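Taking it in order: structure first as structure tokens, then the write-up.
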4 protein chains.
Amino acid sequence: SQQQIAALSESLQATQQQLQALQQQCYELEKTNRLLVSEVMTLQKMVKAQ
Amino acid sequence: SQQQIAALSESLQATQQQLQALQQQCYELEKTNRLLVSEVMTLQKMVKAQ
Amino acid sequence: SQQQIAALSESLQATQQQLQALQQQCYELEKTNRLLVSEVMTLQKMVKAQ
Amino acid sequence: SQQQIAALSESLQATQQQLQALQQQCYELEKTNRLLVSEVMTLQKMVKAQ
């Protein structure tokens, strides 16, 4: 049983650690993208105002 | 069987690799969009001077 | 034990939920950025008319 | 053994199906983002040219 179930458990833990790093990276993308949207929409208002 | 457990563990390693590729995609998109924010800030400056 | 295997299976269900949340984040970002393309095309039209 | 190993296998298959849908969704984001970058950089050239 436990040879393979312990290595499988370890594999799942590693997968979960990778998932957390993916979550964190894509969160940074979302945060940057918010800024991009704001600055593009400001640029739109600026061009409209002239 | 132990063979079945081993197959599952190996399965999870490929999953980890695919998570890593997604993490790299979020990384690249974040850097691209952060640079684009800078371009848009330069665009705002250009428009204001005109 | 069977308990150990069950714990791993339940573990994978939470993983699926976290993958779904990432999928939703990519979905939202794609829609936002596709709309932003449209805004930028309108910006190009504004600038060309000026 | 196989009660729990079969449900764990099924759980992993479901997780993999979700991973594929995540990959596909984030690919669409990347494709849209390419267009956004191009159109912002065109807008930059247009503003520079006037």
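Residues are referred to by chain and number: the chain letter is A, B, ... according to the order shown in the structure tokens, the number counts from 1 in that chain, and ligands are numbered separately from 1 in the order shown.
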
Write down, as a PyMOL selection string, each residue of chain C that has any atom within 10 Å of an atom of chain B, counting only C-alpha atoms.
chain C and resi 19+26+47

Just write the chosen residues, C-alpha atoms, as a compact mmCIF listing (two decimals), in the first residue's frame.
```txt
# COMPACT_ATOMS: atom_id res chain seq x y z
CA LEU C 19 -8.67 25.44 -11.37
CA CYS C 26 -8.81 34.06 -17.62
CA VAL C 47 -6.99 60.52 -33.32
```

Spatial neighbours of residue 40 in chain C, max dist 10 Å, only C-alpha atoms, sep filter under 5 positions, as a list in words:
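Neighbouring residues, sequence-local ones excluded: residues 40, 41, 43 and 44 of chain A; 34, 35, 45 and 46 of chain C; 36, 39, 40, 41, 42 and 43 of chain D.
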
Restrict the selected residues to N, CA and C atoms and save them as a PDB file, in the first residue's frame.
```
ATOM      1  N   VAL A  40      -5.913  53.182 -20.045  1.00  0.00           N
ATOM      2  CA  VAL A  40      -6.469  53.297 -21.386  1.00  0.00           C
ATOM      3  C   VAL A  40      -7.737  54.130 -21.372  1.00  0.00           C
ATOM      4  N   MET A  41      -8.592  53.920 -20.380  1.00  0.00           N
ATOM      5  CA  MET A  41      -9.813  54.686 -20.337  1.00  0.00           C
ATOM      6  C   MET A  41      -9.562  56.163 -20.032  1.00  0.00           C
ATOM      7  N   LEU A  43      -6.817  57.693 -21.076  1.00  0.00           N
ATOM      8  CA  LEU A  43      -6.339  58.184 -22.372  1.00  0.00           C
ATOM      9  C   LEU A  43      -7.510  58.484 -23.287  1.00  0.00           C
ATOM     10  N   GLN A  44      -8.534  57.643 -23.297  1.00  0.00           N
ATOM     11  CA  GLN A  44      -9.728  57.898 -24.081  1.00  0.00           C
ATOM     12  C   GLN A  44     -10.396  59.217 -23.709  1.00  0.00           C
TER      13      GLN A  44
ATOM     14  N   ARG C  34     -10.733  42.194 -24.652  1.00  0.00           N
ATOM     15  CA  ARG C  34     -11.393  42.273 -25.937  1.00  0.00           C
ATOM     16  C   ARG C  34     -12.214  43.555 -26.057  1.00  0.00           C
ATOM     17  N   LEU C  35     -12.904  43.919 -24.978  1.00  0.00           N
ATOM     18  CA  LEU C  35     -13.592  45.218 -24.944  1.00  0.00           C
ATOM     19  C   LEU C  35     -12.613  46.372 -25.022  1.00  0.00           C
ATOM     20  N   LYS C  45      -9.632  55.914 -34.367  1.00  0.00           N
ATOM     21  CA  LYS C  45     -10.570  56.726 -35.129  1.00  0.00           C
ATOM     22  C   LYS C  45     -10.590  58.182 -34.590  1.00  0.00           C
ATOM     23  N   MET C  46     -10.701  58.427 -33.307  1.00  0.00           N
ATOM     24  CA  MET C  46     -10.714  59.774 -32.764  1.00  0.00           C
ATOM     25  C   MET C  46      -9.407  60.513 -33.220  1.00  0.00           C
TER      26      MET C  46
ATOM     27  N   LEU D  36      -4.594  43.328 -28.500  1.00  0.00           N
ATOM     28  CA  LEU D  36      -4.553  44.546 -27.722  1.00  0.00           C
ATOM     29  C   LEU D  36      -3.198  45.234 -27.804  1.00  0.00           C
ATOM     30  N   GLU D  39      -2.797  46.858 -31.237  1.00  0.00           N
ATOM     31  CA  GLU D  39      -3.614  48.036 -31.480  1.00  0.00           C
ATOM     32  C   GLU D  39      -3.173  49.214 -30.613  1.00  0.00           C
ATOM     33  N   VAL D  40      -2.684  48.975 -29.386  1.00  0.00           N
ATOM     34  CA  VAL D  40      -2.139  50.068 -28.593  1.00  0.00           C
ATOM     35  C   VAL D  40      -0.884  50.626 -29.238  1.00  0.00           C
ATOM     36  N   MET D  41      -0.019  49.754 -29.740  1.00  0.00           N
ATOM     37  CA  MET D  41       1.191  50.245 -30.353  1.00  0.00           C
ATOM     38  C   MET D  41       0.919  50.985 -31.663  1.00  0.00           C
ATOM     39  N   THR D  42      -0.076  50.558 -32.421  1.00  0.00           N
ATOM     40  CA  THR D  42      -0.529  51.339 -33.586  1.00  0.00           C
ATOM     41  C   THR D  42      -1.046  52.701 -33.159  1.00  0.00           C
ATOM     42  N   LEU D  43      -1.856  52.735 -32.107  1.00  0.00           N
ATOM     43  CA  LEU D  43      -2.351  54.027 -31.619  1.00  0.00           C
ATOM     44  C   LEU D  43      -1.191  54.931 -31.251  1.00  0.00           C
TER      45      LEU D  43
END
```

Any idea what's packed within 10 Å of residue 21 in chain B, counting only C-alpha atoms, ignoring anything in its chain fewer than 5 positions away? Could you give it as a ChimeraX atom specification?
/A:22 /B:15-16,26-27 /D:23

Please indicate the distance in Å from CA of residue 29 in chain C to CA of residue 14 in chain C, rounded to one decimal place.
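These atoms are spaced 22.9 Å apart.
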
Quick one: pull the distance between CA of residue 13 in chain A and CA of residue 11 in chain D, Å, one decimal.
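Answer for the CA of residue 13 in chain A to CA of residue 11 in chain D separation: 15.4 Å.
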
Need to verify the contact set: range 2-4 of chain C, 12 Å, only C-alpha atoms, exclusion of same-chain residues closer than 4 positions in sequence. Can you return it as an MDAnalysis selection string?
(chainID A and resid 1:2 4:6 8:9) or (chainID C and resid 8:11) or (chainID D and resid 1:8)
